[PDB]
Amino acid sequence: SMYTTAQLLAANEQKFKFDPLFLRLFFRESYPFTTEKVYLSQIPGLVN
Amino acid sequence: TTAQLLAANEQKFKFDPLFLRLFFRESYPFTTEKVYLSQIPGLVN
């Protein structure tokens, strides 16, 4: 029952900066593996 | 004694609307008692 008046003027969304350069830049190929575990192997190449 | 008024300058102080001209545009007259300003956090973990 309030008799006052109000007129909205602006509603601004403050958003924190966030930009993914590391994902866009180095990690470029996606391998979705359906199994339980993943294997990674490195072979040394020091021949005496 | 006669005389004549050849020149008469008007003094002025260096005044210029800079902040209002640069940062304040889009005037909004309002026919309302009080105004509302609102903002949304937009902060998610």
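> How do you make sense of the side chain of B:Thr32 when you look at a structure like this?
Checked against the element boundaries, B:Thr32 lands in the loop between α1 (19-23) and β1 (34-40). Apart from the residues within four sequence positions on either side, B:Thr32 is in contact with A:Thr5, A:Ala6 and A:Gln7.

> Even after reading the chapter, I still don't get the packing of aromatic side chains, so can you show me in this structure?
The geometry of an aromatic ring pair comes down to the distance between the two centres and the angle between the two planes. The tally for this structure, following the rule as stated, stands at three aromatic pairs over all chains. Plain terms: the ring middles of A:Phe22 and A:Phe26 are 5.3 Å apart, the flat faces sit at 85 degrees to each other, and that makes the pair edge-to-face. Classification of A:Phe22 by relative accessible area gives exposed; the value is 54%. Judged by relative accessible area, A:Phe26 falls into the partly exposed class, the value being 48%. A ring pair is formed by B:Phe19 and B:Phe23, whose centres lie 5.8 Å apart and whose planes are at 75 degrees; its orientation type is edge-to-face. Highlighted residues: B:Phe19 and B:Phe23, both in helix α1, separated by four residues, approximately one helical turn. Taking relative accessible area as the criterion, B:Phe19 reaches 62% and is therefore assigned exposed. Owing to a relative accessible area of 56%, B:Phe23 belongs among the exposed residues under this scheme.

> Can you walk me through the interface of chain A and chain B in this structure?
When the parts of a complex come together, some accessible area is lost, and that lost area is often taken as the interface size. Of the residues lining the interface, 13 residues belong to chain A; the matching set on chain B comes to 11 residues. Of the roughly 1200 Å² buried between chain A and chain B on both sides combined, carbon and sulfur atoms contribute 54%. Among the residues of chain A in contact with chain B, A:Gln7, A:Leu9 and A:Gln14 are the three that bury the most area, contributing 38% of the side total. Taken together, chain A and chain B are joined by zero salt bridges. Our enumeration of links across chain A and chain B arrives at eight residue pairs in polar contact.

> Any chance you could explain the pattern of salt bridges here in plain terms?
Opposite charge on two side chains permits pairing when their charged atoms draw close. Applying the stated criterion to the full structure yields two salt bridges over all chains. We note a salt bridge from A:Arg24 to A:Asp19, for which the minimum N-O separation is 2.9 Å. A:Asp19 carries the same exposure label as A:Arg24, and that label is exposed. Of the charged contacts, one joins B:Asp16 and B:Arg21 as a salt bridge, the two residues approaching to 3.2 Å between their closest N and O atoms. Note on accessibility: B:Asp16 and B:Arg21 belong to one class, exposed.

The rules behind the values
Residues numbered from 1 in each chain as written, not as in the entry; some residues may be left out. Chains lettered and ligands numbered in written order. Part of a larger assembly, values for the part shown. Heavy atoms only, no water. Helix = DSSP H or I, 4+ residues; strand = E, 2+ residues; numbered from the N terminus. Contact = heavy atoms within 4.5 Å. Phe/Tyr/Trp six-rings, centres within 6.5 Å; stacked < 30°, edge-to-face > 60°. Buried < 20%, exposed > 50% of the residue type's maximum accessible area, 1.4 Å probe, protein only. Buried area = accessible area lost by both parts, 1.4 Å probe. Salt bridge = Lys/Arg side-chain N within 4 Å of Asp/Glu carboxyl O. Polar contact = N/O pair within 3.5 Å; in protein donor to acceptor, adjacent residues only side chain to side chain.

None of this, on its own, says anything about what the molecule does.
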